[PDB]
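Participant: Fold the stuff below for me.
(14 chains, ligands or ions: 9)
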Amino acid sequence: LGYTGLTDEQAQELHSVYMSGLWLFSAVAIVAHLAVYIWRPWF
Amino acid sequence: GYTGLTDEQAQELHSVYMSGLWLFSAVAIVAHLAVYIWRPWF
Amino acid sequence: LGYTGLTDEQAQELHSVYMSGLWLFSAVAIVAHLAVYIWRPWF
Amino acid sequence: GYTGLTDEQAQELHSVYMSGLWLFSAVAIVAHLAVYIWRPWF
Amino acid sequence: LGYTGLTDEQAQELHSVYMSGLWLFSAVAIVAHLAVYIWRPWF
Amino acid sequence: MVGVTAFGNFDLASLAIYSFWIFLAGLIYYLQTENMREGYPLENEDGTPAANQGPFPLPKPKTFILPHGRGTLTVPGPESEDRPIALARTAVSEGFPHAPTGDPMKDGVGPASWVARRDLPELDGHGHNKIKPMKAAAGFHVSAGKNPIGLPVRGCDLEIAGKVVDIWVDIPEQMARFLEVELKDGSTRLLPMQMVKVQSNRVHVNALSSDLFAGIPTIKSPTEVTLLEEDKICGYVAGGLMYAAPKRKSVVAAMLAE
Amino acid sequence: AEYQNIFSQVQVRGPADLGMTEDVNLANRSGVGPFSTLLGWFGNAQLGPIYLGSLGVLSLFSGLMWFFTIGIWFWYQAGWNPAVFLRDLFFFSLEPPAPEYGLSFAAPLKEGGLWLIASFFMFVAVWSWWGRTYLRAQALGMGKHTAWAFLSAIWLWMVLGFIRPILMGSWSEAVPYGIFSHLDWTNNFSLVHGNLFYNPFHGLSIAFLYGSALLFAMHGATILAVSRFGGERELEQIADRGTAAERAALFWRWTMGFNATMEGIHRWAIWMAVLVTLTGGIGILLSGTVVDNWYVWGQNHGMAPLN
Amino acid sequence: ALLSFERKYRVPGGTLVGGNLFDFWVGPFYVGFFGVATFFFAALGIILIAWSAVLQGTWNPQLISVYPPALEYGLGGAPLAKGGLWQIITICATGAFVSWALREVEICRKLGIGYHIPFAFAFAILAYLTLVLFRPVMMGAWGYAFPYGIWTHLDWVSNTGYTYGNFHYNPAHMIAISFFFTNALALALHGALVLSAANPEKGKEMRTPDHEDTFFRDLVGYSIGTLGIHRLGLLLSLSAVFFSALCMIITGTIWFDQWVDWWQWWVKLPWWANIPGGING
Amino acid sequence: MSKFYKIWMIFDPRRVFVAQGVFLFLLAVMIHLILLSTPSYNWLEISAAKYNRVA
Amino acid sequence: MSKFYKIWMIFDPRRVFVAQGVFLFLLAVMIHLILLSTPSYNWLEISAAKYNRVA
Amino acid sequence: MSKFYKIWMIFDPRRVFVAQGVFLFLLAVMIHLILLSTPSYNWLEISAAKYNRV
Amino acid sequence: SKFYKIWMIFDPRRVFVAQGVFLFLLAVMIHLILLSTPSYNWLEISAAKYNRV
Amino acid sequence: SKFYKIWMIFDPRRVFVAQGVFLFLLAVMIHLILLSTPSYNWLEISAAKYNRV
Amino acid sequence: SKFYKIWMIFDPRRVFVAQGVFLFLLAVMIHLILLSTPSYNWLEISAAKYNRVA
Ligand code: BCL
Ligand SMILES: COC(C)(C)C/C=C/C(C)=C/C=C/C(C)=C/C=C/C(C)=C/C=C/C=C(C)/C=C/C=C(\C)CC/C=C(\C)CCC=C(C)C
Ligand SMILES: COC(C)(C)C/C=C/C(C)=C/C=C/C(C)=C/C=C/C(C)=C/C=C/C=C(C)/C=C/C=C(\C)CC/C=C(\C)CCC=C(C)C
Ligand SMILES: COC(C)(C)C/C=C/C(C)=C/C=C/C(C)=C/C=C/C(C)=C/C=C/C=C(C)/C=C/C=C(\C)CC/C=C(\C)CCC=C(C)C
Ligand SMILES: COC(C)(C)C/C=C/C(C)=C/C=C/C(C)=C/C=C/C(C)=C/C=C/C=C(C)/C=C/C=C(\C)CC/C=C(\C)CCC=C(C)C
Ligand SMILES: COC(C)(C)C/C=C/C(C)=C/C=C/C(C)=C/C=C/C(C)=C/C=C/C=C(C)/C=C/C=C(\C)CC/C=C(\C)CCC=C(C)C
Ligand SMILES: COC(C)(C)C/C=C/C(C)=C/C=C/C(C)=C/C=C/C(C)=C/C=C/C=C(C)/C=C/C=C(\C)CC/C=C(\C)CCC=C(C)C
Ligand SMILES: COC(C)(C)C/C=C/C(C)=C/C=C/C(C)=C/C=C/C(C)=C/C=C\C=C(C)\C=C\C=C(/C)CC/C=C(\C)CCC=C(C)C
Ligand SMILES: [Fe+2]
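Facilitator: Numbering: from 1, shown residues only, chains lettered A, B, ... in the order given. Ligands and ions are numbered 1, 2, ... in the order given. Take a look at the structure below.
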């Protein structure tokens, strides 16, 4: 709790944005891998 | 308690860590299963 | 929270200008990539 | 003593530590059992 | 009598625990050597 | 550009090597001028500026802003000895030694010389006194080696002139600087740790003889030592190496004795 | 047979010094480590604390991955055999790609491709650390002398591994990652370029490398000689010239005619060492790109008896 | 010709030889008995180098080379035109060096400072005497010494280095090179640190020794201290020279084959000399 | 895995984000260099062979 | 096993997670590079031979 | 995506802007240099062969 | 027995760190020894079994 | 006997650490000696016995 | 645009020095690359065009 000084609501909001970026980063990554697998599959 | 955390905080910290651990293990099991089907090593 | 010491209004203003620069920078790059792909594509 | 742990703390610390030790050794025994079946070394 | 500041009764109990581990450690070693000699004697 | 020569054998490699000689000549000039911020302009053996000042001119002055509000120091600047030098010219022609007029160790001349530094204790980064006795030091203790406290203090004449009482410690560097040697008169002198050799059972001070131990300059405050007091103590003890040679019983001292 | 002040004859161990706090973010600073008596005989006994910021993390991550990548290739070259790993530890090498591939990144992963990955990690590791030296000095408000003294080292380091290979148009000209390999690379460098001794800039770097040993032996002995007057506290001698600074000045003035100051001697110190790599980078850079044989170059410039 | 503070330290005494016979200053220099020997050996050594240029037939300073006597003459005298001059210069150089060290000793005693400087210089002299005297005597020929030329004493280094393959594999050489690199690293760090603490950002106060320790503790997590770094500087330099003297005195005397061949002992250790895989087998 | 947000109650966001950006960039370069290492998947060479850019 | 949460009373979660994060990535890199090193399990080379991407 | 502005509440804009500027320049140099390394995509050599400047 | 008292003597922080380092290095050392040998190199033997080469 | 008094003279922490290092190093030294010999290398023994090579 | 606010974040003095050094170094780098290529070596181009070489 006291290691960062943030509250639960701040952490909840901070995590929500962080996961929002993470899913955006993940979604672009998935689209990118599909493009490679369609153009040149590695399996 | 060297860290100064209370037992309830540790119980919460463990619960998140173990939830993360099982999710990490769950993906790893699927990864090992997929590789074993694609190319078994035994 | 508030390690930077900025205000939320200032943070919104700073991000608004920052994204304006980012879209300008990205817009040039997209045109740059499109011209290069037409001239000589790597796919 | 040197570490300042109470005897109840030492017993609790040892109890969970041995729980981990037997859990670790239990998987190791299963691991050695699987390897010996798959490829014995004796 | 005071090199380590350890009480004489504390030394007695500490040694009793230490010998208990020493016999436990040597007991496994004897079992280990016995199996090896059965598997491959060195005499 | 392999073998590409602008003229003669001069090429890109030749261009670089000559350009460095110009750079190195310029750099040596720059370095030498910086070294001329102390002790200059030169002076005659009487005290007047000499007709010779060197091929390198003096640099433009620069200012050092001293820590803890001690002021500023601009060099090169007018530098004065600020103490009467008890020396006598031994020859009208220059480049000859100046002999002491009286006792050189007491007069602070020659190897026993000292400089009029600021008469204040030296401070750490936090403003506290850098050098304090270990008794007044918080938590300091001897960690390794032979503890010199309580050992007899033997001079160069192989005679005990007291015993160590306290150790002075540089608090930031956390190393001993002085030994507080109590004499037979009840007073305690300071001996630099660099001038003593703590043996198995005694503190051998090769610099000073037993009778000269009383002559060490004393400190105004038992809890701190100023820069000026350090110079007087360090000067006096180190001056003992040449000015107590007749009193030293060493074989090599006898061979090098006059 | 007296006390020469080479090793401390007594150690004192007070509380650990946490250091100054001019502008250093104490959150990024760690705690104090142990006290080493073995280190205390020579210098300070306290280890730590160490600051770890953003550039500190980037330096460590790239530095670890650089160290790790060399290690994995060292294990692969060992066949994953710990006995072989220790036997051929110095003989292992992460060689750069073959000369055929030139500067192309098409080299196979086991034929030079891995070296490019490891070299990238070192590149990021060192440059991130240079900024770390810069920012640590800026945080305490000190001069950037370390940052630019470091940049001299980077110049030679950049030349050997990055700049000279680009000009030569081949990664094969770079340095292998190994104990004996980069020694062999050094020897092969001279032989290919015709007796690198006759490199004028290599000779200058040896002059300043010899001079750095000369100046530090001179400077270290001088301060230890005048340490009996408290001459080791050089910063106070710069601020308030004591008798140690004067005697140190006079010893060299009476020995070799000229002297320096307590602050000006360290200007000689920094420039003596900086030119070691500064002239080194130019000396290596010219080799191959400008001069394909230094002894032939030496002959045409009046350094060898022939021609 | 005197500094603003030089006068009070100009006192008689401290001389090893001559007393006040040579105890005087020529300009800034202090003469002493050993300075007279210094000047004579220095001047005589320099002139014979110039005279050796006349005999050689060249005036280019880089082409000037005072070669030592050929291997046929062994460790005896040689004609001055074909090695004899080198022996005289080496004797003059040896005399000049030792007289310089002993002159520094007199200045040390006059100032009351330690003899670290002449002791440090004596390490260089023994390094010098290793190459010209100790190694050639063991090998039984002055021709194994190096010529007194700017670019011909490099030929000696290259030729002697390649006599034993790649000389990098000399184990004493690796120790000394690590010391030489470490010393230059320490000097750059030490010089830069004090200047950073003494010439800080404009307007900011001159820093204290604590900032010096704070900087290097924030950098690499350890500060050796003002006393330690100067001890480190002295020991790093002397160790580099000591191992450099050691590396040559064992080369051609105890080790004769390629130095890379030496390192096979580690590979040929009994417990892994025959394991397959790796670099060696 | 709702309680995941608690990670920021212990981790400092500044340290994590710097580590995150450093990690992903170094990881992204390593994979791209690995792909360029293999003769296949070298997308700057497969197109060259496809269009016969280089003889 | 139910008392394993007591480990967080002893170990700092910040120190552990940094230690674990470095450990897990370095382990994952070590395993992945081992597979690439072997003639088999080098999945990039495997698919190249499978799809006749050698030429 | 619509709440990313809060990064500037946490991160100092001075440090981020410098880091981004260095990153973008270094990345741009890397890619432009990677293309020049290969015989293909060396647009200097491409035009040289196109117009037969040799 | 009464082995719990070893924690009165040994600091749990130091031991667990030392043990964690010890166990991993032991696990790594054992796994590498098996990988070194042509037998038990489970990657090599599986390739031989399925004729990967 | 009176061997318990050895703990009145030795620091238990240092002895246990030294003993822990000593036993492990001794165990490693013995295990390596067995592997060094052509016999008792149980990895080699199994391969010859079960025809792995 | 409100790009003017970057000067409230960045010190103009340091930025202008960075721009000057970077632009100069970049300008030299491209010119040196062009001279390195046998094509675009305008010294050699003029020599061939007017038959300076003889
Ligand atoms: C047969 C071999 C050749 C020869 C070939 C070369 C070659 C080739 C080179 C030298 C170079 C040097 N040579 Mg030569 N050299 C020979 C003979 C000699 C002799 C002699 C008496 O014979 C001497 C004294 C020297 C002396 C020297 C040095 C002056 C110089 C290196 C400076 C330095 O510090 O580099 C070492 C320092 C660096 C490379 C800088 C490193 C900086 C970076 C930032 C450090 C990063 C650290 C990294 C991340 C690791 C971190 C680890 C963790 C901290 C644990 N050479 C012969 C003729 N020599 C170099 C030079 O500059 O020549 C002009 C060079 O490239
Ligand atoms: C050798 O091995 C090879 C290379 C062959 C194969 C590699 C294998 C390995 C080891 C791969 C490893 C992969 C891993 C571990 C990948 C991990 C990826 C992760 C975790 C990515 C996460 C990305 C997250 C992103 C991009 C999130 C961004 C978030 C934002 C931009 C928004 C943040 C803003 C906030 C929090 C606002 C601040 C809030 C307040 C209240 C002020
Ligand atoms: C050479 O040997 C080879 C390589 C051939 C074979 C390898 C051998 C070896 C030595 C293998 C070793 C394997 C080991 C030791 C594996 C261990 C794996 C473990 C322990 C993995 C753990 C994973 C845990 C994860 C991913 C947990 C994630 C958790 C989160 C993302 C949430 C974190 C947030 C928390 C805890 C919030 C805190 C809450 C409060 C209330 C404060
Ligand atoms: C080896 O791998 C290769 C190179 C082959 C392939 C490469 C792989 C990788 C690792 C690629 C990585 C790519 C990445 C990470 C790209 C990232 C690009 C981004 C995020 C670029 C962002 C650009 C943003 C810009 C230029 C923003 C500009 C903003 C301005 C000019 C305005 C700033 C002014 C402001 C905020 C004033 C307002 C201030 C106040 C106080 C109100
Ligand atoms: C060359 O030799 C070769 C390699 C060929 C053969 C090998 C030879 C040798 C020398 C082998 C050596 C083997 C050894 C020494 C093995 C030792 C194994 C041991 C002792 C393992 C112990 C494992 C214990 C574990 C995993 C414990 C886990 C515990 C937990 C996860 C819970 C921790 C939490 C606690 C204690 C909470 C604290 C409680 C409170 C109330 C604060
Ligand atoms: C070249 O030679 C070869 C390798 C060929 C053959 C080898 C030769 C040699 C020289 C072999 C050497 C053998 C030796 C010297 C073996 C010695 C073995 C011993 C003495 C082992 C002792 C083991 C003791 C153990 C494992 C004790 C464990 C005890 C505990 C776990 C409990 C500790 C806890 C305590 C005391 C709690 C504290 C109590 C209180 C009341 C505070
Ligand atoms: C090359 O030569 C070859 C190898 C071929 C042949 C060898 C030749 C030679 C020269 C061999 C050398 C032989 C020697 C000199 C052997 C010496 C042996 C000795 C001195 C052995 C002594 C052993 C003593 C022991 C094990 C004592 C153990 C003591 C205890 C277990 C109890 C200690 C605890 C105490 C005292 C508690 C403290 C008491 C109180 C009241 C607090
Ligand atoms: C069991 O051990 C483990 C596995 C745990 C860890 C052990 C690791 C080991 C044993 C590591 C050993 C490391 C060694 C022996 C390192 C030696 C390094 C040496 C001697 C280096 C010497 C010279 C290196 C130089 C000059 C390198 C310069 C590199 C650069 C300037 C970077 C160049 C940048 C490039 C090529 C970027 C290319 C990439 C792109 C994307 C453009
Ligand atoms: Fe210094």
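Participant: residue in chain A nearest to chain I?
Facilitator: residue A:15 (3.5 Å; C-beta to the nearest C-beta). All C-beta spots, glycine's among them, are computed from the backbone N, C-alpha and C.
Participant: any idea which element that residue lies in?
Facilitator: helix A:8-39 (DSSP states H and E).
Participant: check whether that helix contacts ligand 4.
Facilitator: No: shown here: helix A:8-39 not in contact with ligand 4 (C-beta under 6 Å from any ligand atom), separated by at least 10.5 Å.
Participant: So what's the gap between that helix and the chain middle?
Facilitator: 3 Å (C-alpha atoms, centre = their mean, to the nearest Å).
Participant: returning to that earlier point: assess the claim that the residue of chain A closest to chain I and residue I:3 are in contact.
Facilitator: No: counting by C-beta atoms under 8 Å, residue I:3 is not a contact partner of residue A:15; they are 10.0 Å apart.
Participant: Counting neighbours around each, name which of the two comes out higher.
Facilitator: Neighbours per residue (other C-beta atoms under 10 Å in any protein chain shown) separate residue A:15 from residue I:3, with residue A:15 holding more: 19 against 12.
Participant: quick one, what contacts that one?
Facilitator: I:4-5, I:7-8 (C-beta atoms under 8 Å, 6 or more residues apart in numbering or on different chains).
Participant: Out of those, which end up buried?
Facilitator: The neighbour-count test (16 or more other C-beta atoms under 10 Å in any protein chain shown) applied to the contacts of residue A:15 identifies I:5, I:7-8 as buried.
Participant: re the thing from before, mind listing what's buried along the helix holding residue A:15?
Facilitator: A:10-11, A:13-15, A:17-18.
Participant: Which part of chain H gets nearest to chain I, residue-wise?
Facilitator: For chain H, C-beta to the nearest C-beta, closest residue to chain I: residue H:218, 16.8 Å.
Participant: tell me, how many neighbours does the closest residue to that residue other than its chain neighbours end up with?
Facilitator: Nearest non-adjacent residue to residue H:218, counting by C-beta to C-beta, 6 or more residues apart in numbering or on different chains: residue G:51, 3.8 Å away. Residue G:51 is flanked by 24 other residues according to other C-beta under 10 Å.
Participant: shouldn't residue H:218 be in contact with residue G:24?
Facilitator: Yes: using C-beta under 8 Å, residue H:218 makes contact with residue G:24 at a distance of 6.3 Å.
Participant: Spit out the residues that contact the two alike.
Facilitator: G:51, G:136, G:139-140.
Participant: Which one's more surrounded, residue H:218 and residue G:24?
Facilitator: Looking at residue H:218 and residue G:24 with other C-beta under 10 Å, you find the greater number of neighbours at residue H:218, namely 28 against 19.
Participant: That one and residue H:197, how far apart?
Facilitator: Distance check for residue H:218 against residue H:197: by C-beta to C-beta, to the nearest Å, it reads 13 Å.
Participant: How about residue I:44?
Facilitator: Residue I:44 is 50 Å from residue H:197, by C-beta to C-beta.
Participant: can you tell me which residues contact the residue nearest the centre of chain I?
Facilitator: Central residue check for chain I by C-alpha atoms, centre = their mean: the C-alpha nearest the mean position is that of residue I:28, 1.5 Å away. Contact analysis of residue I:28 by C-beta under 8 Å, 6+ apart lists nothing.
Participant: Could you check which helix or strand contains it?
Facilitator: helix I:13-37.
Participant: That helix: how far from the chain's middle?
Facilitator: Centre to centre, stretch against its chain (C-alpha atoms, centre = their mean), the figure for helix I:13-37 is 5 Å.
Participant: Would you mind getting the angle between that helix and helix K:13-37?
Facilitator: 0 degrees (axes from the mean of the first three to the mean of the last three C-alpha atoms, to 10 degrees).
Participant: neighbours around the closest residue to residue H:258 other than its chain neighbours, how many?
Facilitator: Spatially, and ignoring its direct neighbours in sequence, residue H:258 is nearest to residue H:165 (3.4 Å; C-beta to C-beta, 6+ apart). Residues lying near residue H:165 (other C-beta under 10 Å) number 16.
Participant: Same check on residue H:41?
Facilitator: Residues near residue H:41, counting by other C-beta under 10 Å: 22.
Participant: likewise the one 4 residues further on?
Facilitator: Applying other C-beta under 10 Å, we find 21 other residues in the vicinity of residue H:45.
Participant: ok so, going back, mind checking which of residue I:44 and residue H:197 has more residues around it?
Facilitator: With neighbours defined as other C-beta under 10 Å, residue I:44 and residue H:197 compare such that residue H:197 has more, 28 against 18.
Participant: check contacts around the more buried one.
Facilitator: Per C-beta under 8 Å, 6+ apart, neighbours of residue H:197: G:142-143, G:235, H:206-209, H:211-212, H:215.
Participant: Show me where the stretch 101-250 of chain H has its strands.
Facilitator: Counting by DSSP state E, counting those that start in this stretch, the stretch 101-250 of chain H has no strands at all.
Participant: And the next helix or strand past the top strand by length along chain F?
Facilitator: Secondary structure assigned by DSSP state E gives strand F:160-170 as the longest strand of chain F. Using DSSP H and E, the helix or strand that follows strand F:160-170 in sequence is strand F:175-182.
Participant: so how far is residue G:217 from the nearest residue to residue F:180 once chain neighbours are set aside?
Facilitator: Nearest non-adjacent residue to residue F:180, counting by C-beta to C-beta, 6+ apart: residue F:166, 3.9 Å away. Distance, residue F:166 to residue G:217, using C-beta to C-beta: 36 Å.
Participant: Report the separation between residue F:23 and residue F:16.
Facilitator: 10 Å.
Participant: contacting residues around the residue nearest to residue H:195 when sequence neighbours are not counted?
Facilitator: Take residue H:195 and drop its neighbours on the chain: the residue closest to it by C-beta to C-beta, 6+ apart is residue G:145, 4.6 Å away. Residues near residue G:145 by C-beta under 8 Å, 6+ apart: G:137, G:270, H:191-193, H:195-196, H:199.
Participant: Ok, residue G:293 next?
Facilitator: Taking C-beta under 8 Å, 6+ apart as the test, what residue G:293 contacts is G:193-194.
Participant: now with 10 Å?
Facilitator: F:2-3, G:192-195, G:198, G:287, G:299 (C-beta atoms under 10 Å, 6 or more residues apart in numbering or on different chains).
Participant: Could you do residue G:23 as well?
Facilitator: Applying C-beta under 10 Å, 6+ apart, the residues contacting residue G:23 are G:135, G:138-141.
Participant: What subset of the residues you listed is buried?
Facilitator: Among the contacts of residue G:23, those classed as buried by neighbour count (16+ other C-beta under 10 Å) are G:135, G:138-141.
Participant: Would you mark the buried spots in the helix holding residue I:28?
Facilitator: I:13-15, I:17-19, I:22, I:26, I:29-30, I:33-37.
Participant: what do you get for stretch H:219-226?
Facilitator: H:219, H:221-226.
Participant: out of the residues you listed, which one sits closest to residue G:226?
Facilitator: Closest approach to residue G:226 among those (C-beta to C-beta): residue H:226, at 12.6 Å.
Participant: No further questions, thank you.
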